[PDB]
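Data first, discussion second: the structure below is written as structure tokens.
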Amino acid sequence: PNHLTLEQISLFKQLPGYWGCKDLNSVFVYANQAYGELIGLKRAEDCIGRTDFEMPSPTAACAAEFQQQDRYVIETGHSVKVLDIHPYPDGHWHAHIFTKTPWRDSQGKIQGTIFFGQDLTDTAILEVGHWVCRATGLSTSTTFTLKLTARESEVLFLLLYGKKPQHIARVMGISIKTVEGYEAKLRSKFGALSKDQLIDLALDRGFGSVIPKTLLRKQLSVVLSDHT
Amino acid sequence: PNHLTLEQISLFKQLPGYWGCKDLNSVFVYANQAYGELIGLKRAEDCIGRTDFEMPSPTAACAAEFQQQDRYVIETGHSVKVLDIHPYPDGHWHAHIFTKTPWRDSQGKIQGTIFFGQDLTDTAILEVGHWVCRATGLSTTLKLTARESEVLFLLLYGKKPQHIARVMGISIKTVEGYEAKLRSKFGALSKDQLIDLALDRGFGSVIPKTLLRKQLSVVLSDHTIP
DNA sequence: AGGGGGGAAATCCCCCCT
DNA sequence: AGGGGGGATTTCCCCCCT
Ligand SMILES: Cc1cnc(O)c(C)n1
Ligand SMILES: Cc1cnc(O)c(C)n1
């Protein structure tokens, strides 16, 4: 089939995420509309023939890291997953996970890079171990407000990753008794009786893949290590 | 631009992930090459016209959960995040996150669902939390047995000894003659340093498939599409 | 807000076994 | 693979102080 039917082409324009491809020079060959608007372009085709340096977004300050990641995918043939935290022309900070894989020509030779970004909230981090543990006994599956202060959010964040009170008190510059007060305030807001129950309720309400706004402070583009 | 160029079509066939779409009845309209192979169809066109019940895969045992999630997307218009744990015709257990969104038509009416799955059995992104801590100033060859890998996985996700013992069906004393051996071959002096070191060796990406023993298809969350 | 006392319970990590 | 003993050190969660 040298052609896609028109309904399949509608899938092309509707797939989720922020994605496209670049050639061996990391100059854009195609970007979808989602990525175009995220990077500040009403017409996603204006990305074509631009590099990451030439885009009207604060992400251009990280263009070198993107290209370094692209060169690694191109030379090694391995695919990678990148954590990205940046401010965007819409005025807010966003965290993404960008998958990067070799883009191959009609005969298998590498001709560039394919990127695919997902918003962090469409990904799973701590909910993975939360549910692997639940496979002992039997649970049930049925899907279904609350406001936290800046420090309440940071403490919850560190709790869900298993950081102990001695660790949390050191990294936040406060007393261990101060942390206990925040665990109590969090235990109250979630309607939890114990700390272990607080962890459970918070993971069920999505906090396992939430980075609190107060920690979207510095631009970052790191390749997360995998074992091939 | 009512036509894609042929190189834009090459991107369509190579886009990463396991994805495709289904109509209002959850009958497969399209499935990409990666998904067809994951399910057991060497040629993905064979997916078309089938439902989740009719796939040559043990995942067909959860087809009703799939269609339930499908109907929820059709009903609400939300995007839905599903955790999936299943055995597949390649003889292995896998852990995927499938994202499901409405599939719309020319006038915007919902005509089915789009699924998009990513394998994280060996590409888990746990290290995200560690990277956020370091960048914000809130932080400071190996061969493992199957049982050691389990304990390490549970430590990396912050589980406590009582929790790890209950999960693994052994005593805490045994979950110590394991943390001890992990502390050794990682060269860590404290359980804290073992977590940090292992995270930097990339073990946050691993899900020990010895812990993948029951099929699971559960909705983790959903959200509005702006 | 940030910091604290105190006591039951749990952890951490040394040592010991089949 | 699966178990402990024991003791220094911390959680844990109820009170409480500026
Ligand atoms: C936001 C972002 C991060 N990495 C990339 O490679 C691109 C193209 N965009
Ligand atoms: C493996 C899998 C899980 N959920 C789905 O909806 C599909 C189509 N496949």
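Lettering of chains follows the sequences in order, A, B, ..., and the numbering in each one begins at 1. Scope of the values below: all heavy atoms of this structure, side chains included, with no hydrogens, waters or symmetry mates.
Looking only at distances, no side-chain donor or acceptor of B:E150 sits under 3.5 Å from a matching main-chain atom of B:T145.
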Query raised in the report: In the 5'-to-3' direction, what one-character label does each nucleotide of nucleotides 6-18 of chain D receive under the scheme B = base within less than 4.0 Å of a protein heavy atom, S = sugar-phosphate only, - = no such atom?
Result: B---SSBBS----
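Spacing of P atoms, D:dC12 relative to C:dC13, comes out at 16 Å, to the nearest Å. The separation of D:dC13 from C:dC12, taken at their P atoms, amounts to 15 Å, rounded to a whole angstrom.
The list of salt bridge (charged side-chain N to carboxylate O under 4.0 Å, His left out) pairs with a residue in residues 80-91 of chain A, not counting sequence neighbours, is empty. Pairs passing the salt bridge (charged side-chain N to carboxylate O under 4.0 Å, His left out) check and including a residue from residues 164-174 of chain A, sequence neighbours excluded, do not occur.
Under the salt bridge (charged side-chain N to carboxylate O under 4.0 Å, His left out) criterion, A:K189 pairs with A:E152, not counting sequence neighbours. In terms of the side chain to side chain contact (heavy atoms under 4.5 Å, CB included) criterion, residue partners of A:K177 (sequence neighbours excluded) are, by chain and number, A:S175, A:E180. Not counting sequence neighbours, the partners of A:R134 by the side-chain hydrogen bond (donor to acceptor under 3.5 Å, both in side chains) test are A:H130, A:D200, A:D204.
Per the geometry, CG belonging to B:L194 stands 15 Å off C1' belonging to C:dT11, to the nearest Å. Taking atom OH on A:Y182 and atom P on C:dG4, their separation rounds to 15 Å, with Å as the unit. Note: CD1 (B:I164) to P (C:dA10) measures 15 Å, nearest angstrom.
Distances were taken from every side-chain heavy atom of A:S175 (C-beta onward) to each of C:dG2, D:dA1, C:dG4; the shortest belongs to C:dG4.
The pairing partner recorded for C:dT18 is D:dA1, the criterion being a Watson-Crick or G-U wobble arrangement whose two distances lie under 3.5 angstrom.
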